[PDB]
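As provided, protein34.csv (CSV, C-alpha atoms) reads as follows.
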```
chain,number,residue,atom,x,y,z
D,267,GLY,CA,-54.1,-9.4,19.1
D,268,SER,CA,-51.7,-11.8,20.9
D,269,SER,CA,-48.7,-14.0,20.3
D,270,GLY,CA,-46.3,-16.4,22.1
D,271,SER,CA,-47.2,-19.9,23.4
D,272,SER,CA,-47.5,-20.1,27.2
D,273,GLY,CA,-50.1,-21.7,29.5
D,274,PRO,CA,-53.4,-23.5,28.6
D,275,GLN,CA,-53.6,-21.1,25.6
D,276,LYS,CA,-54.1,-23.3,22.5
D,277,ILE,CA,-52.4,-22.6,19.2
D,278,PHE,CA,-53.8,-21.4,15.9
D,279,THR,CA,-54.5,-24.0,13.1
D,280,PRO,CA,-53.0,-23.9,9.6
D,281,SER,CA,-54.8,-23.3,6.3
D,282,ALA,CA,-57.7,-25.6,5.7
D,283,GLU,CA,-57.7,-25.2,1.9
D,284,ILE,CA,-54.3,-27.0,1.9
D,285,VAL,CA,-55.0,-29.5,4.7
D,286,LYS,CA,-57.8,-30.8,2.5
D,287,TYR,CA,-55.5,-31.2,-0.6
D,288,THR,CA,-52.9,-32.8,1.7
D,289,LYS,CA,-55.2,-35.8,2.3
D,290,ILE,CA,-55.7,-36.6,-1.4
D,291,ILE,CA,-51.9,-37.0,-1.6
D,292,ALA,CA,-50.9,-37.9,2.0
D,293,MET,CA,-53.7,-40.4,2.3
D,294,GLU,CA,-53.1,-42.3,-0.9
D,295,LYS,CA,-49.3,-42.6,-0.2
D,296,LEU,CA,-49.7,-43.1,3.6
D,297,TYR,CA,-52.0,-46.0,2.7
D,298,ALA,CA,-49.7,-47.2,-0.1
D,299,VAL,CA,-46.8,-47.3,2.3
D,300,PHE,CA,-48.7,-48.8,5.2
D,301,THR,CA,-50.2,-51.7,3.3
D,302,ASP,CA,-46.6,-52.6,2.3
D,303,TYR,CA,-43.2,-52.5,4.0
D,304,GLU,CA,-44.4,-55.0,6.6
D,305,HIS,CA,-41.4,-57.4,6.5
D,306,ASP,CA,-39.0,-54.5,6.8
D,307,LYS,CA,-39.2,-52.1,9.8
D,308,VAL,CA,-37.1,-49.3,8.5
D,309,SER,CA,-38.3,-49.6,4.9
D,310,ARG,CA,-41.5,-48.2,6.1
D,311,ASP,CA,-39.8,-45.6,8.4
D,312,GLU,CA,-38.5,-43.8,5.4
D,313,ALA,CA,-41.6,-44.4,3.3
D,314,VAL,CA,-43.8,-42.5,5.8
D,315,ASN,CA,-41.4,-39.6,6.6
D,316,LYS,CA,-40.5,-39.3,3.0
D,317,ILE,CA,-44.0,-37.9,2.3
D,318,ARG,CA,-43.5,-35.2,4.8
D,319,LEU,CA,-40.9,-33.9,2.4
D,320,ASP,CA,-42.7,-34.8,-0.8
D,321,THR,CA,-46.1,-33.3,0.0
D,322,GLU,CA,-44.3,-30.2,1.3
D,323,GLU,CA,-43.1,-29.7,-2.2
D,324,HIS,CA,-46.4,-30.7,-3.7
D,325,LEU,CA,-48.4,-28.2,-1.6
D,326,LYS,CA,-46.1,-25.2,-1.1
D,327,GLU,CA,-46.1,-25.3,-4.9
D,328,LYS,CA,-49.9,-25.1,-5.3
D,329,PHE,CA,-50.1,-22.3,-2.7
D,330,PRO,CA,-47.3,-19.8,-3.5
D,331,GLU,CA,-49.0,-17.2,-1.4
D,332,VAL,CA,-49.4,-19.5,1.6
D,333,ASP,CA,-46.7,-19.7,4.2
D,334,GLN,CA,-44.3,-22.7,4.4
D,335,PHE,CA,-45.4,-23.1,8.0
D,336,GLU,CA,-48.9,-23.7,6.7
D,337,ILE,CA,-47.8,-26.6,4.4
D,338,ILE,CA,-46.0,-28.4,7.2
D,339,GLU,CA,-48.1,-27.9,10.4
D,340,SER,CA,-51.1,-28.8,8.2
D,341,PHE,CA,-49.7,-32.2,7.2
D,342,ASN,CA,-49.2,-33.2,10.8
D,343,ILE,CA,-53.0,-33.0,11.3
D,344,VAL,CA,-53.5,-34.9,8.1
D,345,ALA,CA,-51.2,-37.7,9.0
D,346,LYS,CA,-52.7,-38.5,12.4
D,347,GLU,CA,-56.1,-38.4,10.6
D,348,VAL,CA,-55.1,-41.2,8.2
D,349,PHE,CA,-53.4,-43.4,10.8
D,350,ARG,CA,-56.6,-43.6,12.8
D,351,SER,CA,-58.6,-44.7,9.7
D,352,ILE,CA,-55.9,-47.3,9.1
D,353,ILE,CA,-56.2,-48.6,12.7
D,354,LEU,CA,-59.8,-49.5,11.8
D,355,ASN,CA,-58.5,-52.3,9.6
D,356,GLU,CA,-55.8,-53.6,11.9
D,357,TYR,CA,-55.2,-54.1,15.6
D,358,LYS,CA,-58.9,-53.7,16.3
D,359,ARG,CA,-61.9,-55.8,17.4
D,360,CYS,CA,-65.6,-56.0,16.3
D,361,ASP,CA,-64.9,-53.1,13.8
D,362,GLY,CA,-68.4,-53.6,12.3
D,363,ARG,CA,-69.6,-56.7,10.5
D,364,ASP,CA,-70.9,-56.1,6.9
D,365,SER,CA,-73.7,-57.5,4.9
D,366,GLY,CA,-73.0,-56.0,1.5
D,367,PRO,CA,-69.9,-55.1,-0.5
D,368,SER,CA,-67.1,-53.6,1.6
D,369,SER,CA,-64.8,-52.3,-1.1
D,370,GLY,CA,-66.9,-51.0,-4.0
```
Any chance you could give the structure as structure tokens?
Amino acid sequence: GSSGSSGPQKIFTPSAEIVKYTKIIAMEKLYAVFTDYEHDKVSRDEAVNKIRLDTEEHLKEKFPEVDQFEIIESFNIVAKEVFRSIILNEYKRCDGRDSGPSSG
């Protein structure tokens, strides 16, 4: 057993069970907020962060046994995950031509 962060020693990851459910909610929203709030710069600032507070109340509720630190730290990993996927449809080049239906 060990504890305390120091050196090249990596940190432990949160609960996967949640992280997964965090995407179904974080994703949808994150995408619903990204697609919109273009004109306004701050309008999107709150839309994104807001989730961090929303999901936290939507997850910690589903997992009453899980720790609060598992509902937050988990999201972080989820967020970054989405963004990347969003960058594939904006600020990119030669993403990958398509022959058939893209959105079906």
**Q.** D:296, D:277, D:331, D:267 ranked by distance to residue 346 of chain D, top pick (using only C-alpha atoms)
**A.** D:296
Counting only C-alpha atoms, which residues of segment 285-310 of chain D fall within 10 Å of segment 351-358 of chain D, and what is the closest atom pair for each with its distance in Å at one decimal, ordered by chain and rising number, as a Markdown table?
```
| residue | atom | partner | partner_atom | distance |
| --- | --- | --- | --- | --- |
| D:293 | CA | D:351 | CA | 9.9 |
| D:296 | CA | D:352 | CA | 9.3 |
| D:297 | CA | D:352 | CA | 7.6 |
| D:300 | CA | D:352 | CA | 8.3 |
| D:301 | CA | D:352 | CA | 9.2 |
```
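If all atoms listed in the file are the atoms counted, then among D:292, D:326, D:334, D:280 the closest residue to residue 314 of chain D is D:292.
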Q. Contacts of residue 286 of chain D at 10 Å or less, counting all atoms listed in the file, minus same-chain residues fewer than 6 places along, as number ranges by chain?
A. D: 292, 340-341, 344
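The coordinates place atom CA of residue 335 of chain D at 25.5 Å from atom CA of residue 310 of chain D.
Using all atoms listed in the file, the nearest neighbour of residue 279 of chain D within the list D:299, D:319, D:291, D:343 is D:343.
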How would segment 278-293 of chain D read, as a short mmCIF file (atom, residue, chain, number, x, y, z; two decimals), keeping the file's coordinate frame, once N, CA, C and O atoms are built in?
```
data_model
loop_
_atom_site.label_atom_id
_atom_site.label_comp_id
_atom_site.auth_asym_id
_atom_site.auth_seq_id
_atom_site.Cartn_x
_atom_site.Cartn_y
_atom_site.Cartn_z
N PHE D 278 -53.02 -21.62 17.08
CA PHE D 278 -53.80 -21.40 15.90
C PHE D 278 -53.59 -22.56 14.88
O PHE D 278 -52.49 -23.11 14.80
N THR D 279 -54.63 -22.91 14.13
CA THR D 279 -54.50 -24.00 13.10
C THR D 279 -54.10 -23.42 11.78
O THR D 279 -54.32 -22.25 11.46
N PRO D 280 -53.47 -24.28 10.96
CA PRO D 280 -53.00 -23.90 9.60
C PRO D 280 -54.14 -23.66 8.65
O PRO D 280 -55.30 -23.59 9.05
N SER D 281 -53.80 -23.53 7.37
CA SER D 281 -54.80 -23.30 6.30
C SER D 281 -55.57 -24.58 6.02
O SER D 281 -54.97 -25.64 5.83
N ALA D 282 -56.89 -24.48 5.97
CA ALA D 282 -57.70 -25.60 5.70
C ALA D 282 -57.67 -26.00 4.20
O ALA D 282 -57.53 -27.17 3.85
N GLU D 283 -57.75 -24.99 3.34
CA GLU D 283 -57.70 -25.20 1.90
C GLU D 283 -56.63 -26.25 1.55
O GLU D 283 -56.88 -27.16 0.76
N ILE D 284 -55.45 -26.10 2.14
CA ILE D 284 -54.30 -27.00 1.90
C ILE D 284 -54.59 -28.36 2.58
O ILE D 284 -54.65 -29.40 1.93
N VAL D 285 -54.72 -28.32 3.90
CA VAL D 285 -55.00 -29.50 4.70
C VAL D 285 -55.83 -30.52 3.91
O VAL D 285 -55.58 -31.73 3.92
N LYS D 286 -56.85 -30.00 3.24
CA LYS D 286 -57.80 -30.80 2.50
C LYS D 286 -57.03 -31.51 1.31
O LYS D 286 -57.15 -32.72 1.11
N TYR D 287 -56.27 -30.72 0.56
CA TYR D 287 -55.50 -31.20 -0.60
C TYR D 287 -54.37 -32.14 -0.10
O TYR D 287 -53.84 -32.95 -0.87
N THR D 288 -53.99 -31.99 1.16
CA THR D 288 -52.90 -32.80 1.70
C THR D 288 -53.35 -34.22 1.97
O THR D 288 -52.52 -35.13 2.04
N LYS D 289 -54.66 -34.43 2.09
CA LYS D 289 -55.20 -35.80 2.30
C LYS D 289 -55.21 -36.57 1.01
O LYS D 289 -54.85 -37.75 1.01
N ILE D 290 -55.61 -35.93 -0.08
CA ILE D 290 -55.70 -36.60 -1.40
C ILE D 290 -54.30 -37.18 -1.74
O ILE D 290 -54.22 -38.20 -2.42
N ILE D 291 -53.23 -36.53 -1.29
CA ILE D 291 -51.90 -37.00 -1.60
C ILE D 291 -51.32 -37.79 -0.39
O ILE D 291 -50.83 -38.90 -0.56
N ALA D 292 -51.40 -37.21 0.80
CA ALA D 292 -50.90 -37.90 2.00
C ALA D 292 -51.61 -39.20 2.23
O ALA D 292 -50.97 -40.21 2.50
N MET D 293 -52.94 -39.19 2.12
CA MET D 293 -53.70 -40.40 2.30
C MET D 293 -53.25 -41.51 1.39
O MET D 293 -52.68 -42.50 1.85
#
```
